[PDB]
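# A closer look at the structure
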Amino acid sequence: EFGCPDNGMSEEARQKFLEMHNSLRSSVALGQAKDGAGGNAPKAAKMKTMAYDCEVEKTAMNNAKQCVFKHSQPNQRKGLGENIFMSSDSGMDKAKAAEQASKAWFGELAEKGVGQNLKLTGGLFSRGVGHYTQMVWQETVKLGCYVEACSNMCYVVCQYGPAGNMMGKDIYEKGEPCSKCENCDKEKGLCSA
């Protein structure tokens, strides 16, 4: 057991980010997530559980602390994906900001629609679903985030190991939950491995 530094991020917010991500991955994997394209998102055969990673939080922090709403360049988050969010309520409670960011990102599926073809095409991305697709990217298994109270915004950055949103690849493998998983969390339809 290895805690992250006393660096301004609260344990409550870290827990909220990780639980919300795994919860929503699980909803998608079990076939329970509404898709704006119609029906629900397809069931996932091997959606992996995420773990919190303090090193990934560190690089998310490096972005958040600059208090500019902007994606980081790849060499500032080597090997990692990234979702960013902001609210004008600067002093928002950090676990509340975690909840709002995770909802805004995930909400792309219901609002914009993805559909049954999970290949990440130019056309698909242009629908504005790239924050959702990173949250539920099958192979992404490390999460680390930071919430910064900047002068004029509450700025949230999460980063994701390995990076998702690889052009032309599938967001996840379709099939019955855990059907391609030998280490299955049967309750949630999530794979450790």
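Residues numbered from 1 in each chain as written, not as in the entry; some residues may be left out. Heavy atoms only, no water. Residues with missing side-chain atoms left out of burial classes, pairs and counts.

Judging from the entry metadata, X-ray crystallography is the method by which this structure was determined, and 1.56 Å is the reported resolution.

Secondary structure summary: the chain contains six helices and six strands in total. For a compact globule of 193 residues, the expected C-alpha radius of gyration is about 16 Å, and the chain comes in at 16 Å, within 12% of that figure. In the chain, the proportion of contacts linking residues at least 24 apart, taken out of those at least 6 apart, comes to 73%. (Helix = DSSP H or I, 4+ residues; strand = E, 2+ residues; numbered from the N terminus. Rg over C-alpha atoms; globule rule 2.2 N^0.38 Å. Contact = heavy atoms within 4.5 Å.)

Okay, the packing of aromatic side chains next. Throughout the structure, instances matching the rule amount to two aromatic pairs. An angle of 70 degrees between the planes, with centres 5.4 Å apart, marks the rings of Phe-106 and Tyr-132 as edge-to-face. In this pair, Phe-106 is assigned in helix α3 (residues 94-106) and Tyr-132 in helix α6 (residues 130-135), connecting sequence segments 26 residues apart. Relative accessible area serves as the criterion here: at 14%, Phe-106 is assigned to the buried category. (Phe/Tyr/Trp six-rings, centres within 6.5 Å; stacked < 30°, edge-to-face > 60°. Buried < 20%, exposed > 50% of the residue type's maximum accessible area, 1.4 Å probe, protein only.)

What follows covers the pairing of strand β3 (residues 142-149). For β3, the buried fraction is high: six of the eight residues fall into the buried class. Pairing analysis gives two bridges linking strand β1 (residues 51-52) to β3, with the strands arranged parallel. Note on β3: the bridge partner recorded for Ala-51 is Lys-142. What sits between the antiparallel neighbours β3 and strand β4 (residues 154-161) is a turn of four residues. (Pairing = 2+ DSSP bridges.)

Position of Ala-97 relative to the elements: it lies in helix α3. Among the residues examined, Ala-97 registers a relative accessible area of 0% and is labelled buried. When sequence neighbours within four positions are dropped, the list of residues in contact with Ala-97 reads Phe-85, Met-92, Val-147, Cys-154 and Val-156.

This brings us to the sheet that holds β1. Across the sheet, which stays open at both edges, the four strands sit in the order β1-β3-β4-β2 with mixed pairing between neighbours. The open sheet terminates on both sides in strands that have one partner only, identified here as β1 and β2 (81-87). As defined by bridge partners, β2 adjoins β4 across seven bridges and the pair is classed as antiparallel. Looking at the pairing, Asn-83 lines up with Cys-158 of β4.

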